[PDB]
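Comments concern the structure below.
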Amino acid sequence: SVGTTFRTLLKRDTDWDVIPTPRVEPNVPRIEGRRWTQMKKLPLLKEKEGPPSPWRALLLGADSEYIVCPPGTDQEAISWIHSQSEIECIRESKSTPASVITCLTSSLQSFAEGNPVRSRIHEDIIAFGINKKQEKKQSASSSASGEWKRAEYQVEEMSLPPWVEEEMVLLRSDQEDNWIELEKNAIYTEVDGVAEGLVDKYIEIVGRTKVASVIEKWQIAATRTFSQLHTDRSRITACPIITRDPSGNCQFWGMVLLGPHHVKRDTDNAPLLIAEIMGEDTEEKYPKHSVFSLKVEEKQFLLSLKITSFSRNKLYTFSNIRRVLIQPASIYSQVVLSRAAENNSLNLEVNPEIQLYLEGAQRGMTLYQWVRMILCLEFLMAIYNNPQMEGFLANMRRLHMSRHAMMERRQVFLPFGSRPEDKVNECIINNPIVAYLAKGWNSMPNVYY
Amino acid sequence: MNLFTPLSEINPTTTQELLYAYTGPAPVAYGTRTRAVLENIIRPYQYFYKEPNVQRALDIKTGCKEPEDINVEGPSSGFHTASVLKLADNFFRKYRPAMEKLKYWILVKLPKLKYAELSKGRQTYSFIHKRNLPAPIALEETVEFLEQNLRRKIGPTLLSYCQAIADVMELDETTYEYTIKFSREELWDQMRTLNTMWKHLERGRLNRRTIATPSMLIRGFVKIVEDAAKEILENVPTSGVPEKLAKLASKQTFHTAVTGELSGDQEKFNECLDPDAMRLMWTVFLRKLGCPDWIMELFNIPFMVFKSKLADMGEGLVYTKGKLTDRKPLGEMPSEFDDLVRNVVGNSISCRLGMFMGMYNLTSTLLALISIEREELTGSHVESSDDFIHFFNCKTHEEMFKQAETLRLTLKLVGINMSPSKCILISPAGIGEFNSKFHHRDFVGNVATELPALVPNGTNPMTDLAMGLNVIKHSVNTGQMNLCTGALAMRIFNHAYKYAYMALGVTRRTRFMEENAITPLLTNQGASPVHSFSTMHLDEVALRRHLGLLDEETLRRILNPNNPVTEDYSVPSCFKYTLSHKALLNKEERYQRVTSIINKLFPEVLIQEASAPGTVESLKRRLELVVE
Amino acid sequence: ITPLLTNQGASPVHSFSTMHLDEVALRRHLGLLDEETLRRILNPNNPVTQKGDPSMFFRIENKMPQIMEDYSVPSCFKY
RNA sequence: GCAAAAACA
């Protein structure tokens, strides 16, 4: 049942009554439409011009090394590093003042003295942005002038950096250690043996690479930082990034310092001061990093200090960075099982020549190297995930499908106002790896016969 | 990108899984949603006419539009009434068994659904507390309001709830128990009010989106129409719900014929639909099946209310003088949304024509499907919200072009407006994509939008292990993962599970077990994993005893029913433990007493619903029977 | 020549709570004095406040810890 | 400083 004035309430914002009874005869009209078009040209992605985009990631990535320390606990290694080293600044950045080395050394000494959390010092004021919100707000209020206008935000376009290729080729380097220690599951059936053999082969072909060590460093650093964010503190906490090689020695990748971090919301930022052992300094790649000289046991090391704030969600996500291994493992497993379904023979050592487009040429290369480079590129994409990358990949799936269709001798048709490249291009602004993927797509031929 | 396109031994379709931003943080929406909500509201008014005339479009009410006025070169909101009627007629004539089962649903089990299922919904903006409350709390508060201001007890069926809403909406004055009063116009505006919020964890696009949730008063009507839409959608081959893509993949065509394959998306899918078209569709179906009139009102009220939506415009536009920033409501200062200033109603804003995400994701699909049903469209179509795939099976290339063009025009007839840039048509069939699945020749590839978490869920060791292994099993079953991926993922999950429960390295739990000579006998304790790829569907305790890795004495110790601490296929044990201005924390505790006395007296509620007529004090009838 | 300074006729930069703050530093912080003009006002080689004789300077952690060179008072308005 | 159409600091 329905009321009386309730019907008026319903009808006051529509022409028809509660139960429409149109008086027009039901018919579908004939409307003139445009003509579907066809394309010979694969879309050519525009390359944004401007300054090369710097390295914007939580950790260093390729330029990541460690100090070999005598075997012992984390405290022993930190004490050894603090008591056997002197620091002198090489490169100073206005983003990260050189005075934060005092905070880093104080944290090292406190951790060596069995105190992972230490009281605040004066140098911590400009190290974690303490009272920076109030400072900026009061300065803006004092210097405010003019009249209000719309926010009209803007994102600066940046070009493809030259170091992305250097990053890709450096993460390929062989390593002495396996860097991937995953405990094996049980085996009861022969299919379980097949799965475990596939996983072991994948681990042994990607484990001894620099990207695996960088993934381990990222996982450890993010896990240690995340394990301390839950406790609401007001004092600086130190989370060393230390691994062990298969001889007992301690490998010091760096230290991350966590500020007061009075965090309330799950997406709120947390102040961080990340110290890292760098291999080669670069001004245009690390403009916001402060690089210090490090002298342990008459050896040369570069120490990089950066001021960053990083949300709890992102730290939790990067603590599970080991999941990046699945997709290259998927590709490797599919190739291997295809070359087992071809002739009912699981070899587990098949290394086919995968044909790819290299420097605008069609050449083949081994499966193992291809899986390694897939893993490196996937790691770079994962550590550089933002809305630009999401949109770029989502809108590139269609172009990838069209390219596959025209390689498989098929015709691709488009609607009237169909420009699939525009949606990819709108997502290419300043992401280095989005630009790298765009250039890789552009290097391939756009005509197929 | 050249590394993602193999040329030998493997095709780009399978490796397209690499074109996914897995393992990276999902984009997170920051700041005010006012600009996004205002843009969402203003898009449908900008597409009503071929020439953009926003101001003329703010007073259109019913969005019906004449032909030779639909924008064929761009987005076009609104619909054509005659086209909607004809397409609904065509859809009703076809799929007769689906209509018969819809009739069965609407006659038999429609006046049977319990109204308590509205508690398992989404966050609701209470019209009494002036804030957001969980769905069960909102339902309880709303039914208390109905009891207080209507004096007739609400029946178990949700038809009683709908009748109560309709009856209470005719009162000039209402007062809640505190003791706050509501005018009829105030309550009507609250019913019109839509709570909008950012859509979080949304991967796949550059720009963030906002979703809107309805008030609890209209949620019963929304749920009944959505349930009817779902019931009629499960029984139509053109729907996006089931193996439809695989079914169309397993199709053989003529030897020498043109077989197209159109895969595309919808642009401004929620910015070009009008609830009046849905009204016409539902009324046509109901009228041609033969339902009574009260069914007509019952199915038409939701879109009637939605035609007068009052979606909240967030917190306000952002204005900057110098380095300062301020949040200003619309209309305080000029901006690019000045045409909607006249429609500002307090903190909310009125928009007659348009849609929002999260309101009707099934009736929109129904409207698209009734658009599909025509005469010259002799093809196969699968529709799911804003994504679709179409198969063309004709004799001439120009025939295929005409079919595609008339498909686009008919979609525009009700205002679907598929994106020209997102639609790709292949002259020979074999390659396409729909939802996240990918099609290549006779193989269809399911690629997940999200990887499995590969971390413990966070309740207890046994439950977390069971859920993790079940998630991995589901992922491998759907074809998204294989032997190597499954084993690697379960190894990663094992490592994370052991770390999260103090089973790795030196920690308090490990030291406690070591100093007291407690041998770790389970995975969460630190023992070697017992689960394999084949045995990941088995319980840990059940599997260990068969292999002799868990002594029967240990089973007796842990499986003791008299234990201090006590789909999920895990047996209870000592490891099944639960981790430790509102003015509402007291009434959840007193409701706990009500839930505590039950499930101790009634084994029946642990089987079925609480179908006991009356039973206010009447619970004493059972206790006396227990004594007797 | 825009004043940009209190003694040049510009609006006061000092307030009741900012009596202790130096004029040039406060104007630089508030943006009332751009860096290009700061590079000219605070020149240690300006003729206005140039000294008649060279002066000695310390050099912290340098091979030669003392350097003697001509110097001027940094502010051109300290004539 | 993090991050992008404004939130944290």
Side-chain angles (χ1 to χ4, degrees), chain A residues 53-59 93-97 100 103 124-140 149-158 225 229 232 234 256-274 286-290 305-315 317-318 383-391 426-431 434, chain B residues 24-40 197-198 200 205-210 314-320 323-328 335-337:
Chain A
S53 66
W55 171 272
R56 283 162 308 210
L58 186 62
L59 279 298
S93 184
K94 68 181 178 67
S95 297
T96 305
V100 307
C103 318
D124 292 324
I125 294 310
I126 189 167
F128 302 112
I130 302 173
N131 289 336
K132 205 66 175 61
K133 175 187 272 290
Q134 195 80 298
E135 190 276 331
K136 294 220 302 183
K137 185 183 287 185
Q138 290 168 351
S139 297
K149 65 179 73 175
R150 281 293 279 119
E152 61 87 20
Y153 293 110
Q154 183 62 255
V155 178
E156 182 190 311
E157 292 179 353
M158 299 171 164
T225 313
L229 268 182
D232 192 0
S234 65
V256 54
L257 309 186
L258 174 63
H261 76 87
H262 279 278
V263 61
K264 295 318 154 183
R265 186 179 295 276
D266 211 42
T267 61
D268 274 8
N269 271 333
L272 299 173
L273 180 70
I274 300 170
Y286 305 118
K288 292 171 178 168
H289 295 244
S290 277
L305 264 170
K306 192 187 179 330
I307 297 177
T308 58
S309 65
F310 213 72
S311 57
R312 185 158 68 245
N313 290 348
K314 278 196 258 283
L315 281 171
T317 291
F318 285 131
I383 65 180
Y384 268 85
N385 197 44
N386 44 27
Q388 317 185 23
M389 179 72 78
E390 295 290 333
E426 68 181 2
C427 309
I428 304 170
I429 319 170
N430 51 10
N431 194 312
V434 172
Chain B
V28 54
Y30 295 124
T32 45
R33 58 188 188 277
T34 307
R35 188 211 42 87
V37 169
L38 260 60
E39 182 65 26
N40 188 358
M197 73 291 291
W198 278 124
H200 301 287
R205 38 177 293 145
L206 171 69
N207 295 118
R208 317 271 71 73
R209 295 198 279 185
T210 60
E315 309 95 325
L317 267 75
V318 174
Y319 283 81
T320 75
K323 290 258 153 194
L324 287 170
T325 67
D326 197 3
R327 292 188 296 272
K328 295 180 183 293
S335 78
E336 62 269 353
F337 302 100

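Below, chains carry the letters A, B, ... as their sequence lines are ordered, and counting in each starts from 1. The basis for the numbers below is simple: all heavy atoms, side chains too, and nothing from hydrogens, waters or symmetry mates.
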Would you mind classifying the nucleic acid contact of [X] as base, sugar-phosphate or nothing, using non-hydrogen atoms under 4.0 angstrom?
X      : answer
A:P387 : sugar-phosphate
A:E152 : nothing
A:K136 : base
B:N207 : nothing
B:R35  : sugar-phosphate

(request) On RNA chain D, check which nucleotide each of A:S311 and B:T32 is closest to and give me the residue with the more 5' one. (result)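 It is A:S311, whose closest nucleotide lies nearer the 5' terminus.
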(message) Pick the closest RNA chain D nucleotide for B:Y30 and for A:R265 by heavy atoms, then say which residue is nearer the 5' end.
(response)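 Result: B:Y30.
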Does some side-chain heavy atom of [Y] sit less than 4.5 Å from a side-chain heavy atom of [X]?
X      : Y      : answer
B:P27  : A:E390 : yes
A:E157 : A:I429 : yes
B:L317 : B:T32  : no

(request) Taking heavy atoms of chain A and a 4.0 Å limit, find me the 5'-most and 3'-most nucleotide of RNA chain D within that range. (result) D:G1 to D:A9
(request) Please give the nucleotide sitting opposite D:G1 as a Watson-Crick or G-U wobble pair, both distances under 3.5 Å, or none. (result)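 For D:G1, the partner nucleotide comes out as D:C8, under the 3.5 Å rule.
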